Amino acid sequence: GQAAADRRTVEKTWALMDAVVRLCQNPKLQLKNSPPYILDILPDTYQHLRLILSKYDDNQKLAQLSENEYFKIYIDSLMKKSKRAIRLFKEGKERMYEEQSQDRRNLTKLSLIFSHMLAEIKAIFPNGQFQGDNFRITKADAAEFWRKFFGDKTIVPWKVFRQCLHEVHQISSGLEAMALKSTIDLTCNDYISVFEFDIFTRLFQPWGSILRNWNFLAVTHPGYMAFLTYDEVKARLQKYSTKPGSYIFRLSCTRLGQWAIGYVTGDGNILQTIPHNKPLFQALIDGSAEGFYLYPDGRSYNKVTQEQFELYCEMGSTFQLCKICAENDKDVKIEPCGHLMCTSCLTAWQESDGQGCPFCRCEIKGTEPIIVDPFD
């Protein structure tokens, strides 16, 4: 059985979440209002988990929840990300109190992850009852791909998902697979939920050209600003208040799967809109043709490089993966150049007579084992 281990894991989960909440209540942080608001999200997550348990009343129901693969992965993921937030405060020290620090950007990355996890658990356990197996994917052709490979599965490991997706839409390099992972795996748990799949396929519709749409709208488009608040959109566009047709487009924590566009009017007002019954690309060319959307991020704009994939990857939390394969963790440092990669890729390059370091071609005088954090 798992009864007693399961009881222990839930209670450790709530202890670790309470620990993160207490560290975040430090007035020296000034994040009481800085949203996604970790001091709202973690209590809301606790609240939804209690609602789930409130519905899985007794020994027999609790045993069904125990056997739910999505629920097991969710609680494990919540424990790991809580431990990570604790470690960030222990290792970050007074840098947690500097707004611009890498340590504080990492707290923002964990806050976004917690926000996405709360949206996902509400989508999969609406009113605290499992509905993963009945989840209706928004885009018909995306929904057919998920039925075809995964049936009524709620969640699939990233490695399995990447292999099945590659059957229909070829993924090119390691840096593209890594960039794609960072886009679909919002919860950063190395799984793709049916919910995550729904969000990605809604944003980058149509399905027929989905990797080209994502490459063009997110990976290389100068107008794309990832997740922003309404206040951040005003702050960025204010710099172009005197150049009407200046625009950006962005994601919303509070409205997963939807785009929002901000633009500068003839009067220098900043307005925001959500594309109305059209995909983003159509909204952008239509608004372009009408004079609203002329200057992405305040400049004119007139098939993706490895460098462009690598720059996109830095926004996320995937620094532990080897850039060559995007499968194995970085476990070796090449010396003296200091480039990082997995042993497997190092071997394959020196196997096939590659000069020196795969990245910089320089003499390899030494290697040293290394553990790289996803947030490094």
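A residue's number is simply how far along the shown sequence it sits, counting from 1.
*On mean C-alpha B-factor from the PDB entry, just flag whether 38-46 or 51-59 is the higher one.*
Averaged over C-alpha atoms, the B-factors run higher in 51-59.
_Mean Cα B-factor comparison, 252-260 or 97-105, giving the higher one as deposited_ = The recorded data point to 97-105.
_Selection by C-alpha B-factor (highest) of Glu91, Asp286, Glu120, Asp231_ = In this record, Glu91 carries the highest C-alpha B-factor of the candidates.
*Of the options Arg87, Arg136, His276, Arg202, which has the highest CA B factor as deposited?*
Going by the entry's C-alpha B-factors, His276 comes out highest.
*Going by what the PDB entry lists, where does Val332 fall on CA B-factor within its chain: lowest, middle or highest third?*
Tercile = middle for this residue's CA B-factor.
*Which third of the chain does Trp214 land in by C-alpha B-factor: lowest, middle or highest?*
Within its chain, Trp214 is a lowest-third residue by C-alpha B-factor, going by the deposited values.
*Sorting the chain's CA B-factors, does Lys243 end up in the lowest, middle or highest third?*
Highest third - that is where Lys243 ends up once the chain's C-alpha B-factors are sorted.
*Place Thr187 in the lowest, middle or highest third of its chain's C-alpha B-factors, as listed in the PDB entry.*
Its C-alpha B-factor, which the entry lists for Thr187, ranks in the lowest third among residues of this chain.
*Please place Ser111 in the lowest, middle or highest third of its chain by C-alpha B factor as given in the entry.*
Bottom third by C-alpha B-factor.
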